[PDB]
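A.B. asks: Pasting a structure here, questions to come.
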Amino acid sequence: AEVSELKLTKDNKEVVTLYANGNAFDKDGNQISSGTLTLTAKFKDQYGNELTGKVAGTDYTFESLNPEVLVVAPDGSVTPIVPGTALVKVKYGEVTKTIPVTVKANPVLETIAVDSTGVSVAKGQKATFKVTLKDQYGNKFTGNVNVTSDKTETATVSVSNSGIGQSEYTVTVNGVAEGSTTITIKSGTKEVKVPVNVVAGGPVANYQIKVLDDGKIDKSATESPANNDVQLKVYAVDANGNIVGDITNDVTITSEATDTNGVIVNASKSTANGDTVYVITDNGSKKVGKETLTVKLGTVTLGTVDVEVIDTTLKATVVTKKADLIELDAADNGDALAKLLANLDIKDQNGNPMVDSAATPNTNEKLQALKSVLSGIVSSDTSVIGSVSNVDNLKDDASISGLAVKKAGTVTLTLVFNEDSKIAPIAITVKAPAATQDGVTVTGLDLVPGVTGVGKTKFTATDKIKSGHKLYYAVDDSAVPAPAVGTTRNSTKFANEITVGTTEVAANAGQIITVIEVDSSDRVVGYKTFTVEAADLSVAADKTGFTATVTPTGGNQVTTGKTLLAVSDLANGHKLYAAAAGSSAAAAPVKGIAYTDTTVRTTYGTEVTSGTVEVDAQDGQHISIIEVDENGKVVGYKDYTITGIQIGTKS
Ligand SMILES: [Ca+2]
Ligand SMILES: [Ca+2]
Ligand SMILES: [Ca+2]
Ligand SMILES: [Ca+2]
Ligand SMILES: [Ca+2]
Ligand SMILES: [Zn+2]
Ligand SMILES: [Zn+2]
């Protein structure tokens with residue numbers, strides 16, 4: 001064999017970055033918090049076949065060659081300890097592999113970034129700039145904040161959200177008195193200073209447009225942090241680039257008269273404390289993209305700015321088929337939806353997998369995911385599998401369905417994705433094989449003559465059947481088409497059950513018997529066609545089966561009213577029985593039946609095997625006789641016609 005894969009993962013995400021605190025990330029620097037941290041591993045045999053269904057913690061273990069740094073439990077689970085480089089290893093029979101792993105030091109406040117170099121505001125008005133906390137790596141870092149002015153009488157200051165619980169705060173510098181001073185920032189150990197110069201300017205000219213937030217709205221229903229808005233404010237500035245006033249309330253903003261990009265929104269002023277803000281919100285929006293906004297001061301037009309709509313969380317995007325074919329078995333139970341889905345890899349915007357988790361037993365994610373992007377499916381043959389117009393017909397509450405099976409055959413199912421996903425159709429071939437002998441448990445099945453009547457036959461075999469299964473049959477002058485495997489028993493065609501070595505069927509020679517073997521859930525697995533050979537059928541006895549030559553006899557040595565039955569040359573252990581003497585012959589039983597049958601023993605109740613017997617009789621009366629074999633079975637039958645010549649006389 002050969003180990004084909006050895007990955008570090010947490011909730012089906014290949015980890016790249018890991019910290020000592022146990023917090024991990026993907027490739028896109030996105031944190032992971034679902035599932036357990038573990039080591040993924042896959043194995044291939046010597047030919048290149050992936051081994052599966054194996055036990056993690058029995059068929060293959062795990063160890064950490066550097067436990068001073070990191071523990072890797074045998075099952076596969078992981079719990080890091082301290083920063084460093086650690087080695088990990090796997091076992092299976094006699095294999096072995098190894099890969100490095102690295103625990104990074106926990107993030108710590110390194111840099112305090114700034115969105116300016118020196119602030120300048122008008123007396124009485126208020127200014128603004130951003131701050132970004134960065135760790136030693138240069139990524140975002142959460143922490144608290146304190147801000148102060150060296151000269152509050154000259155310039156006060158305020159910060160949002162209490163200056164706690166984020167990695168991005170907004171500073172708000174309210175300009176008090178004319179002069180120059182400095183603002184001191186404080187977070188943890190480190191400190192940063194901002195030069196401030198309040199100036200009493202105000203010759204208008206030049207208008208600015210400021211985007212406070214990310215400048216985006218997420219039309220997804222669970223974006224975090226809550227990003228369902230864009231926050232704006234209009235400022236008048238002087239020539240020297242210093243804010244002199246706010247006029248957000250005296251301005252008219254307008255989008256296009258009618259949508260042209262599927263990006264639709266609504267603007268609205270939200271006044272409070274004399275401080276006016278212009279808020280943007282979603283108005284439906286079918287698509288993502290930019291939407292330019294036109295500012296106006298009553299009738300003028302000042303400047304334009306573009307906002308951006310997005311939809312996130314998770315949206316199916318990439319899809320690939322593995323094989324250009326699948327062939328079904330009984331385990332599919334007659335619904336080609338299960339095995340189909342397995343022949344498809346799905347990945348989201350991030351090229352990240354999407355799967356039906358077992359945490360959601362009665363609902364499929366990979367399915368429900370595909371439902372959102374699928375438009376239709378076109379079966380090449382509807383008589384085999386029904387095409388899909390409506391997608392809401394697909395569902396998974398354990399019963400994963402349904403591309404139901406109608407008939408045995410082979411088809412082409414092409415899928416129709418939305419133009420939204422821009423995903424080209426993907427064709428898959430599907431074989432629906434008909435049942436055959438291969439799926440038959442009961443061995444050595446052939447037909448034999450019946451014993452109930454004539455023109456009939458019987459079933460029999462060697463071993464018994466896999467407990468739970470059953471048999472049904474049909475018959476016509478032609479053969480019945482074999483059904484697709486997994487199909488339910490067409491209880492209309494096949495309704496006649498078979499209990500082996502008992503049930504029997506009326507039929508003629510040249511005809512055809514079709515059969516099927518069902519499972520516990522009444523699904524087809526087997527199929528075998530019998531042609532009726534004339535010898536397989538049953539018939540009544542004749543003089544043919546009658547071997548012995550019997551001679552009715554009278555004379556002056558036999559009792560009157562009675563006749564002597566002279567037996568001559570029968571076979572070894574064969575026996576003979578006689579019926580009542582009537583004016584008409586008795587009924588002739590079937591060849592093969594036992595003597596012990598009630599309809600028989602009652603009729604032919606008089607054994608005369610000895611040939612030394614005499615029973616009542618008359619001239620034209622008839623008498624019926626039968627021949628039994630060495631095993632207690634009937635063989636022959638001959639109805640004699642008597643004459644007075646062979647009747648007794650004297651007393
Ligand atoms: Ca939203
Ligand atoms: Ca926002
Ligand atoms: Ca638009
Ligand atoms: Ca699930
Ligand atoms: Ca036969
Ligand atoms: Zn076979
Ligand atoms: Zn017919």
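Identifiers in the structure tokens: chain A, B, ... in order shown; residue index from 1 per chain; ligand index from 1 in order shown.
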At a cut-off of 12 Å around ligand 2, and using only C-alpha atoms and all ligand atoms, what residues come up? Please write them as an MDAnalysis selection string.
C.D. replies: chainID A and resid 211:219 223:232 279:282 307:310
A.B. asks: What lies within 9 Å of range 265-278 of chain A using only C-alpha atoms, ignoring chain neighbours under 2 positions off, as a count of residues only?
C.D. replies: 20
A.B. asks: Could you pull the residues within 9 Å of residue 585 in chain A, counting only C-alpha atoms, minus those fewer than 4 positions along the same chain, as a list in words?
C.D. replies: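 Answer for this query is residues 581, 621, 622, 623, 624, 639, 640 and 641 of chain A.
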A.B. asks: Could you write out that same residue set with N, CA, C and O atoms as a PDB file, in the first residue's frame?
C.D. replies:
ATOM      1  N   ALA A 581     -66.908 -51.076  -7.093  1.00  0.00           N
ATOM      2  CA  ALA A 581     -67.441 -51.572  -8.358  1.00  0.00           C
ATOM      3  C   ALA A 581     -68.721 -50.818  -8.703  1.00  0.00           C
ATOM      4  O   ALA A 581     -69.755 -51.024  -8.068  1.00  0.00           O
ATOM      5  N   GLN A 621     -70.816 -54.031 -14.916  1.00  0.00           N
ATOM      6  CA  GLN A 621     -70.189 -53.111 -13.969  1.00  0.00           C
ATOM      7  C   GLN A 621     -68.734 -52.853 -14.350  1.00  0.00           C
ATOM      8  O   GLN A 621     -68.097 -53.693 -14.989  1.00  0.00           O
ATOM      9  N   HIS A 622     -68.224 -51.681 -13.971  1.00  0.00           N
ATOM     10  CA  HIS A 622     -66.827 -51.318 -14.210  1.00  0.00           C
ATOM     11  C   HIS A 622     -66.050 -51.300 -12.909  1.00  0.00           C
ATOM     12  O   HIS A 622     -66.612 -51.055 -11.838  1.00  0.00           O
ATOM     13  N   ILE A 623     -64.750 -51.554 -13.014  1.00  0.00           N
ATOM     14  CA  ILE A 623     -63.869 -51.544 -11.855  1.00  0.00           C
ATOM     15  C   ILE A 623     -62.555 -50.858 -12.200  1.00  0.00           C
ATOM     16  O   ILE A 623     -61.964 -51.107 -13.253  1.00  0.00           O
ATOM     17  N   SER A 624     -62.106 -49.999 -11.292  1.00  0.00           N
ATOM     18  CA  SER A 624     -60.914 -49.199 -11.505  1.00  0.00           C
ATOM     19  C   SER A 624     -59.807 -49.678 -10.579  1.00  0.00           C
ATOM     20  O   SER A 624     -60.060 -50.034  -9.427  1.00  0.00           O
ATOM     21  N   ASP A 639     -59.050 -49.156 -16.071  1.00  0.00           N
ATOM     22  CA  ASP A 639     -60.441 -49.441 -15.762  1.00  0.00           C
ATOM     23  C   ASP A 639     -60.927 -50.616 -16.597  1.00  0.00           C
ATOM     24  O   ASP A 639     -61.059 -50.513 -17.820  1.00  0.00           O
ATOM     25  N   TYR A 640     -61.190 -51.731 -15.926  1.00  0.00           N
ATOM     26  CA  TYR A 640     -61.623 -52.945 -16.600  1.00  0.00           C
ATOM     27  C   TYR A 640     -63.127 -52.967 -16.827  1.00  0.00           C
ATOM     28  O   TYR A 640     -63.890 -52.323 -16.107  1.00  0.00           O
ATOM     29  N   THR A 641     -63.537 -53.715 -17.845  1.00  0.00           N
ATOM     30  CA  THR A 641     -64.945 -53.945 -18.125  1.00  0.00           C
ATOM     31  C   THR A 641     -65.217 -55.445 -18.029  1.00  0.00           C
ATOM     32  O   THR A 641     -64.658 -56.241 -18.785  1.00  0.00           O
TER      33      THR A 641
END
A.B. asks: Could the residues that lie within 10 Å of ligand 6, counting only C-alpha atoms and all ligand atoms, be listed as a list in words?
C.D. replies: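 Those within range of ligand 6 are residues 435, 436, 437, 438 and 439 of chain A.
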A.B. asks: Suppose you want the space between CA of residue 478 in chain A and CA of residue 511 in chain A; what is it in Å?
C.D. replies: 6.8 Å
A.B. asks: Give the residue list for ligand 4 at 10 Å, counting only C-alpha atoms and all ligand atoms, as a ChimeraX atom specification, sorted by chain and then by residue number.
C.D. replies: /A:355-368,396-398
A.B. asks: What's around residue 567 in chain A at 7 Å? Count only C-alpha atoms, leave out sequence neighbours fewer than 5 positions away in its own chain, and write the answer as a CSV table (one decimal) with N, CA and C atoms, in the first residue's frame.
C.D. replies:
chain,number,residue,atom,x,y,z
A,549,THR,N,-50.4,-57.3,-15.3
A,549,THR,CA,-51.5,-57.8,-16.1
A,549,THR,C,-52.4,-58.5,-15.1
A,550,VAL,N,-53.6,-57.9,-14.9
A,550,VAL,CA,-54.6,-58.5,-14.0
A,550,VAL,C,-55.7,-59.1,-14.9
A,551,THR,N,-56.2,-60.2,-14.4
A,551,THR,CA,-57.2,-61.0,-15.1
A,551,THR,C,-58.4,-61.2,-14.2
A,611,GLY,N,-53.5,-60.6,-5.2
A,611,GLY,CA,-54.1,-61.2,-6.3
A,611,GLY,C,-54.9,-62.4,-5.9
A.B. asks: For the atom pair CA of residue 304 in chain A and CA of residue 124 in chain A, what is the interatomic distance in Å to one decimal place?
C.D. replies: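 Interatomic distance, CA of residue 304 in chain A to CA of residue 124 in chain A: 27.8 Å.
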